[PDB]
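Student: below is the sequence, then the experimental coordinates.
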Amino acid sequence: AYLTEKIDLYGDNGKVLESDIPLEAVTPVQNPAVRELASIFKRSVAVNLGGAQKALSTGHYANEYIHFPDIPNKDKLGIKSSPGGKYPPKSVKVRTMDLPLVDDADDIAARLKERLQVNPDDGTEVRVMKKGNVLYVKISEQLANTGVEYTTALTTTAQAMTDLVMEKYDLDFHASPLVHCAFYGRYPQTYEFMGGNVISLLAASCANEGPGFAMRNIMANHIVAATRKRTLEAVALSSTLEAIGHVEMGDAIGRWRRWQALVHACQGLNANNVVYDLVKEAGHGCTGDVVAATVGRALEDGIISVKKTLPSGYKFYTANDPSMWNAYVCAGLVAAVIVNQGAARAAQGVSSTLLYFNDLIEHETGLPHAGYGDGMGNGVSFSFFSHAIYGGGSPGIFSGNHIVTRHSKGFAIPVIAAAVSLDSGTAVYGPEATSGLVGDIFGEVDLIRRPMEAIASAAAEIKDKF
Amino acid sequence: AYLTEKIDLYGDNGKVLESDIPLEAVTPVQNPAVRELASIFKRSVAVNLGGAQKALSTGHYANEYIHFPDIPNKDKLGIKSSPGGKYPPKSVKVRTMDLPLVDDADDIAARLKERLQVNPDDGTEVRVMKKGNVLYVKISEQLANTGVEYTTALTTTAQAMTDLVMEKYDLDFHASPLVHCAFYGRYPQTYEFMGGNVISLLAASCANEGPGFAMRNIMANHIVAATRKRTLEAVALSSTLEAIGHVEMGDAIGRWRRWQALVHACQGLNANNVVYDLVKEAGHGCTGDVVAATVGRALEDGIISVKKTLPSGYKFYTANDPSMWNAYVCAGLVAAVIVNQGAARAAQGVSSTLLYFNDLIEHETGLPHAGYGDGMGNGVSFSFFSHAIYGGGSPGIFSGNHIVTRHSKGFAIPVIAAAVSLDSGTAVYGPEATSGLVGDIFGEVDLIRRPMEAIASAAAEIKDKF
Amino acid sequence: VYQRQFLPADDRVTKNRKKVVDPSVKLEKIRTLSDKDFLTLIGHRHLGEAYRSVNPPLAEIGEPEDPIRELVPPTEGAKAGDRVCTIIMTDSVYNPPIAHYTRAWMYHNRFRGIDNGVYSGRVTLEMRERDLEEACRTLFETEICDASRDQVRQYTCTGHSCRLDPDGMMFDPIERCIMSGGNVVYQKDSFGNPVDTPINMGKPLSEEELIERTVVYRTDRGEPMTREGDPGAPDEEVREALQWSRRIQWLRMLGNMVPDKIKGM
Amino acid sequence: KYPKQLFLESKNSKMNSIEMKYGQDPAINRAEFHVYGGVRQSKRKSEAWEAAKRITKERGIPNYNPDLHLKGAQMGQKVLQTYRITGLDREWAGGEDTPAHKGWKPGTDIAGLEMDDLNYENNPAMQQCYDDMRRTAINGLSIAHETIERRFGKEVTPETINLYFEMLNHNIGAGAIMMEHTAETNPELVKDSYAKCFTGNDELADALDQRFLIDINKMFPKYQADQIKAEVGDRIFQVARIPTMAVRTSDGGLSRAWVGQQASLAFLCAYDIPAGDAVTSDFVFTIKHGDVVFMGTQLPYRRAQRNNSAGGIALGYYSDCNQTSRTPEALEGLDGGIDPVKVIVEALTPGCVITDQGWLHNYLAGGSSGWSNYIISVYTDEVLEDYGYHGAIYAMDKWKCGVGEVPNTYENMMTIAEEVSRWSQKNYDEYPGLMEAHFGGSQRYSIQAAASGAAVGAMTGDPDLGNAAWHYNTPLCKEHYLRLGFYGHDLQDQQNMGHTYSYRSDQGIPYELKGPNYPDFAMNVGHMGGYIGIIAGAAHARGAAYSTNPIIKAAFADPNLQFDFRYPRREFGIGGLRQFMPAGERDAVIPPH
Ligand SMILES: C[C@@H](OP(=O)(O)O)[C@H](NC(=O)CCCCCCS)C(=O)O
Ligand SMILES: C[C@@H](OP(=O)(O)O)[C@H](NC(=O)CCCCCCS)C(=O)O
Ligand SMILES: C[C@H](O)CO[C@@H](C)CO[C@@H](C)CO
Ligand SMILES: O=S(=O)(O)CCS
Ligand SMILES: [Cl-]
Ligand SMILES: [Cl-]
Ligand SMILES: [Cl-]
Ligand SMILES: [Cl-]
Ligand SMILES: [Cl-]
Ligand SMILES: [K+]
Ligand SMILES: [Mn+2]
């Protein structure tokens, strides 16, 4: 049945965007902007013409410091290449070539669009960026929806680029493997187009932790780069990707659907201004001041009430609305990271806030924290694997598909996005290092960079359906 | 540019279905029936209520002869369970339960549909089959298109079944893992829902050989079972799945697009009645009679001509239309399997026909065989791995995603489907053994069972657009 | 109907190949085998024994309505539901009247309803049992079976590439053949099992007779596929088999680069 | 204008490798059969039968029993041939003691080996070759040093790097540094595990403790050192080898994880970083993901593997781990000129043995044979050697040029292939004893294809064109003999007549970056090692120091490796003599045995 309860959607300045929105209208199964976000991730790729050109020219194909060497000075090496030195050494050039791909980016873009297009009106887009070094590609829904997979933009663009370059420059047979390598990298020896020059926001389709995890296999650094560090937009993008992922995992179903929808609305979309209000109340303080603000707001809104007073005077609280209590804890969790990691302007403590905001909440109330164990559990695992020898890394390399951080049902990665947004440059593996091209290219897509208002406007368009 | 050349589409009885069809109109990127075939594979699953009920009742969960034992006769075992036998043994029942799922199938189907449906009239369907033992489920496009993956029908159905059973029978906490296991099997210890009771025609999304291979990871036995052994319909289903897969692989692009489209039309859709005509001409003979018929038909239609006569009198032929020549070899290849394996009514020689039809073609003409090496190459690999100790199996277990048979660009698996359709029961891993439920349940979908006429009708509807 | 040319046949060796593979050319019978001896050699069934079945008779299995299947009449073994049985032969590298790929080409041109594998050391033919028996009359009794160079052996098949024994016989680890009074005789069946009486195949051909009828090129006798002055020479100066080989390579390479590249070539 | 065949007369020791198998002229088409006593003619199989009787009595289950061979015919109704390692009489360098054996006397032959001596299952040199590949972890250290300098606030110097490496050499195998009451590994079990580094900056190299240095200037001739140092630049790369015993309990994917742990600890301990400081996670991430070179990439689900399985190793990485390219034999063996043929025929030896026996057999299939005779044929008796040099001689005379200098046209490839195919066939046809030695058609077919590709690659410098010549041998072989190889041999040969210069999605890829997961190559013996050799020789012939990855080439230039990557044919022969001591054995912690 429809999630008819009304919420207000507030922007990151704490002012209302849209009022009286049924919860149903922000869900991934309904909201056109949320669904377009998934569609753009599926259908968009970047072609690195500068990278392909450099690989062909120098022989530095693929990754890992690979180099296919061409030796132009063979007669200067001190070697004899003929028995007894009968004939002096002659150099050859057999692994490399100079093609003017960047100079020709505009014509290449036109040829690429024609190869990708199915019908003239189909919405295929190819845009020249970075002075010809990069093409942004969005394939049509017509092409993308031909079969069942999300990789069609990646695979068609790589083949179209390879074919059109072979044709445009009328290259000889020797060039076939090399031009293929320039776009595909080590494919098919690798499943990935490893070290290639066609890039998707999505990971390779071999890499899921389980069915439905593709929209979760997106690093927090990618999200922060694409939203250019605007904290609550990073939160909204991460939370919405998690929300889509949890639909695809099968967990936004039945007696869990409302719970899952409220995580997204309250933590990710600043529903009822809770996140903003909590940061405003507690921002001059510590994590614990956010704990106080969260419990106070839950009481003010009738979500919890005193259940029992023990002889010491300690009070157990009861959840009058368990799913909404959970969602308020999730909202308080992102507010707590904003206050704590925001005060330091340093992301690393996000893992500690994730654990101890939840631990303090339980000790304060006698009610279960976010995810009934997952919030503290991932506080533990994420803290460990961001401060130890065993694995992991800095906060921004985690994702909803990372083994360390996958468990929480949609409310953990957004706080990582918040913390990394607020970081002043304390990391080596920050968004600039791992996600620079992603942020520069895909961050130009307005829906990716600024999802909050798009989701709210789309919800308002459909609100009277429910 | 559009593939405007006109073909006629013939049925498997050798009579025209639709005339004057532009090649463009049968391609997966355009044809609505081809696209609906992919969509139905993506959105349909079966729920084995009888299997889930049995697992819960007996403790035979999942696969591999697993059995969680409940012991109802503990006092008859000859053991003491108390020191000194102070207290007599008492049996417990802790791993099993009896739920009347099959008897309650109609109500279960209603509860499942309500959980899966997103909006009224969205196309969600649940059908009770096998007197309650199986549900056929088709999720809405609305639900299926929410994110980027093809697994949403599988994941949502498993969770919805688990939730609704827990609710309907008001089961206690102990039941949660067990009911989950009844539907999901060993998930998430396995990526697959291994040994569970929610079944998709598609493989688990961890299992591709490369990006775009999902529509290729479908065994010939599944195709034959779903088409109920009607040879050319099995060929058409296999060829169309391969055609979709090759779009998703990125290989139906640019200077390869026409070649790839003609493989599908000529081998898979009996274009211009070539397949039927070749079988009719040569059916009373041998593989070599199909070789003669194929070369004769290519000459009759102007596809090839004599290029040079050597001093012995041997004639090299030239391809006036190389992609059409390739497609005629592919049509001859399926006709050759039909004649050779059809005469024996035994599938095993399909691998030999794949190799030697192509080898005979080259020796007969001086022109390259299907796929410039792949037809013979897969004749070699498939023959080896269906008659040796090393791996493989009988013909019906291969697919476009199997390492042995993947290489050919779309023209190999359909001949396996033909051979297995014609087999009189000479296998122990035939369609009945590997694909019985698939054939019984998904074979009821008319588009899956009988794609030829649907594809032709859909092509005629759009023919004037090119 | 188009008239096949089969393969380039510019010399004795390749004309011998064409004769083997062309189903309009009768292969001459050169020996007689009793029905008892013939079936004993095959080793799947003995004279008078009923055929075993793998499935019920075809008319009883409920074949679906299927217009394409209608166009292809089943063999007698298929109608009966016979099991599919294998026979294996090996041809020496030393001037045999048939060799391994010519077997595949011949089988696919002369016999209906086959499975067949080519290996360096043996060739399998797998057919419904009664159909296999009919095919084996050609394999065992005609000019494509020289008793010393083309032998029947179901396993432990090494010998094609071994040196000939002192009598000019190809090696058999299991010794199913022996030379006896100038005749080749199977003292064991194809499976290496005992036979009640040896199966006389008659006399082998001499080396010059084998060379006249052989399908293989051999450098030592002066007939290599590629002569000393052939590498890189123009097509008109090399054997037609090499002209053909070059063409196939060029057209596979260019066509798999871009199909249109081979138009008119 | 062709010299006497090397398989009838080795160049220096004058051994007749084929005649030695039989005591009869190999030109004679006559042999007696059933006169050898079955397996009694074999020392190893006779010894095995006696051992098997003891094993049956001890364990109560029968095992090896030659009398089970079908229909009363023991194996050995023909000669069970012995083998001579190709080319050992033409070596003059590499006489140093190694971790596995005392110095070989260069030029000494290894003849009379039985087939079972060259079975991967029985040959620890072959197993150790693979183990040395897969236990290797390679990383740039620049990011770890950057994290220390900026996030932690401590300067990195040659002195701190030396302490780091001393600590990493303590903990990579055996010890602990930071913690009380911590278990440790017996040093005897892990004496093959250590860590080194290399750099293109000679001043830095000289400032480091030389015990921890792979010295590019010492290991390589000047032109090759120059090329490698130009690529490495002013950077430091670590090369760590985890214990052989450890990978034998698990997989090569352990290596980057293990070094991630131990390198992280060595950073904490050399730089005095608090336990639990956030910087720690940058170290492990750098080692596992951020700046890492693997021998192998991951494999998809049907053949699922983490990094550093044989199936993930690109052909060109197999080419570049081989170290024959820096030997005197490869630098001056053609009358003072470079010898790319020596590079090809050595690099293809681990190429073939590891991909076919180590991987296709010991991961994908298996059993007691190791498919050993199939592959022994490519590195014994000078057969492939003669055919490969034949093509080089032919081409140098025809085109009047040196190695690497024939124009890389399709026509020139086809001409050389036609001649090498012709020569291969002439010898198999004219020497019945050779035809019987290489009794499997696959051996003979792969050998003519490999020799053709070797000649084209060595003579043009073009690795894709050299490998194109391999596939062109298919019709040249088939139309002559009317047989090829085993049932499934020519999958890749048939299709790569078309795929070599295709650019379709999973068809096009340069040979350097192909490997056992290229779908055409994923199943079958007798091919991949040949391509590996051809890639290595093509690069050598055109004047390069490596084919694919200079980091890999430098990382295997290390005398502390258990296997001698410079002279693999020799090493496999030494294992055949039971004279190769592998790493990874558990003698220190097991009873007297
Ligand atoms: C976290 C993850 O490592 P990465 O972050 O991906 O490098 C994972 N390792 C582990 O889980 C290490 C587990 C053992 C060490 C901790 C013992 S308490 C793995 O290899 O995939
Ligand atoms: C075919 C396939 O096996 P399956 O058919 O999946 O059982 C595959 N094995 C192989 O490729 C075996 C290769 C080695 C044996 C043949 C050597 S020529 C594999 O393990 O995935
Ligand atoms: C198949 C045909 O004989 C091939 O011809 C080549 C020998 C020459 O053709 C090339 C040079 C130009 O297409
Ligand atoms: O006989 S087969 O070619 O299948 C296997 C050879 S090892
Ligand atoms: Cl990728
Ligand atoms: Cl609720
Ligand atoms: Cl599954
Ligand atoms: Cl075309
Ligand atoms: Cl009878
Ligand atoms: K040193
Ligand atoms: Mn010991």
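Tutor: Alright, I've got the coordinates. Numbers count the residues shown, from 1 in each chain, chains lettered A, B, ... in the order given. Ligands and ions are numbered 1, 2, ... in the order given.

Student: the nearest residue to residue D:257 once chain neighbours are set aside and residue D:336: what is the separation?
Tutor: The shortest distance from residue D:257 to any non-neighbouring residue, by Cβ to Cβ, 6 or more residues apart in numbering or on different chains, is to residue D:288 (6.5 Å). (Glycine included, C-beta is placed from N, CA and C.) Distance, residue D:288 to residue D:336, by Cβ to Cβ, to the nearest Å: 47 Å.

Student: which of the two has more neighbours?
Tutor: In this view residue D:288 and residue D:336 are compared by other Cβ atoms under 10 Å in any protein chain shown, and residue D:288 has more residues nearby, 21 against 14.

Student: tell me the contacts of residue 193?
Tutor: Looking at chain A here, since you left the chain open. A:154, A:158, A:183-187, A:204 (Cβ atoms under 8 Å, 6 or more residues apart in numbering or on different chains).

Student: sorry, should have said chain D
Tutor: The contact partners of residue D:193, taken as Cβ under 8 Å, 6+ apart, are D:135, D:172-173, D:241-244, D:246.

Student: report how many residues lie close to the residue in the stretch 201-350 of chain D that chain A sits nearest to.
Tutor: Here the stretch 201-350 of chain D gets closest to chain A at one residue, residue D:285, 3.5 Å apart by Cβ to the nearest Cβ. Using other Cβ under 10 Å, the number of residues around residue D:285 comes to 26.

Student: do the same with residue D:47
Tutor: Neighbours of residue D:47 using other Cβ under 10 Å come to 11.

Student: tell me which helix or strand comes right after the helix or strand containing residue D:498.
Tutor: Secondary structure assignment for residue D:498, by DSSP states H and E: helix D:491-499. Next along the chain after helix D:491-499, taking DSSP H and E as the criterion, comes helix D:528-541.

Student: wait, does that next one contact chain B?
Tutor: No - judged by Cβ under 8 Å from any Cβ of the partner chain, helix D:528-541 makes no contact with chain B; its nearest approach is 15.2 Å.

Student: does chain A sit close to that helix?
Tutor: Yes - using Cβ under 8 Å from any Cβ, we find that helix D:528-541 touches chain A at D:538-539, D:541.

Student: picking up where we left off before, just confirm the residue of the stretch 201-350 of chain D closest to chain A contacts residue A:393, I think it does.
Tutor: Yes - contact criterion Cβ atoms under 8 Å: residue D:285 and residue A:393 qualify, at 3.5 Å.

Student: name the residues contacting each of the two.
Tutor: Common neighbours of residue D:285 and residue A:393 (Cβ under 8 Å, 6+ apart) are residue A:429.

Student: which one (most neighbours) among the residues of helix D:528-541 next to chain A?
Tutor: Going by other Cβ under 10 Å, residue D:538 tops those with 37 neighbours.

Student: that residue and chain B, how far apart?
Tutor: 23 Å (Cβ to the nearest Cβ, to the nearest Å).

Student: that residue touches residue D:462, doesn't it?
Tutor: Yes - with contact defined as Cβ under 8 Å, residue D:538 reaches residue D:462; the gap is 6.0 Å.

Student: which helix runs longest in chain C?
Tutor: Determined from DSSP state H, the single longest helix within chain C is helix C:240-257.

Student: anything in that helix near ligand 8?
Tutor: No - residues of helix C:240-257 contacting ligand 8 under Cβ under 5 Å from the ion: none, with a closest distance of 10.3 Å.

Student: that helix versus helix D:491-499: what angle between them?
Tutor: Computed with axes from the mean of the first three to the mean of the last three Cα atoms, to 10 degrees, the direction of helix C:240-257 lies at 70 degrees from that of helix D:491-499.

Student: so is helix C:240-257 next to chain A?
Tutor: Yes - using Cβ under 8 Å from any Cβ, helix C:240-257 reaches chain A at C:253-254, C:257.

Student: now the residue lying closest to residue D:386 once chain neighbours are set aside: which helix or strand?
Tutor: In space, and not counting its chain neighbours, residue D:386 is closest to residue D:6: 4.0 Å by Cβ to Cβ, 6+ apart. Taking DSSP H and E as the definition, one finds residue D:6 inside no helix or strand.

Student: and residue D:6, what is it in contact with?
Tutor: Applying Cβ under 8 Å, 6+ apart to residue D:6 gives the contacts D:86, D:382-383, D:385-386, D:389.

Student: again, only this time at 7 Å
Tutor: By Cβ atoms under 7 Å, 6 or more residues apart in numbering or on different chains, the contact list for residue D:6 reads D:382, D:385-386.

Student: for residue 29, grab the count of nearby residues.
Tutor: All of this is about chain A. Using other Cβ under 10 Å, residue A:29 is surrounded by 24 other residues.

Student: please refer instead to chain D.
Tutor: When neighbours are defined as other Cβ under 10 Å, residue D:29 has 18 of them.

Student: dump the residue contacts of it.
Tutor: Residue D:29 touches C:94, C:163-164, D:432, counting by Cβ under 7 Å, 6+ apart.

Student: that one - nearest residue in space that isn't next to it in sequence?
Tutor: In this structure, residue D:29 finds its nearest non-sequential neighbour in residue D:432, 4.1 Å apart by Cβ to Cβ, 6+ apart.

Student: mind checking how far the one you found is from ligand 10?
Tutor: Distance of residue D:432 to ligand 10, given as Cβ to the ion, to the nearest Å: 52 Å.

Student: kindly report the same for residue D:89.
Tutor: Distance from residue D:89 to ligand 10, by Cβ to the ion: 31 Å.

Student: that residue reaches residue D:107, doesn't it?
Tutor: Yes - checked against Cβ atoms under 7 Å, the pair residue D:89 and residue D:107 is within contact range at 5.8 Å.
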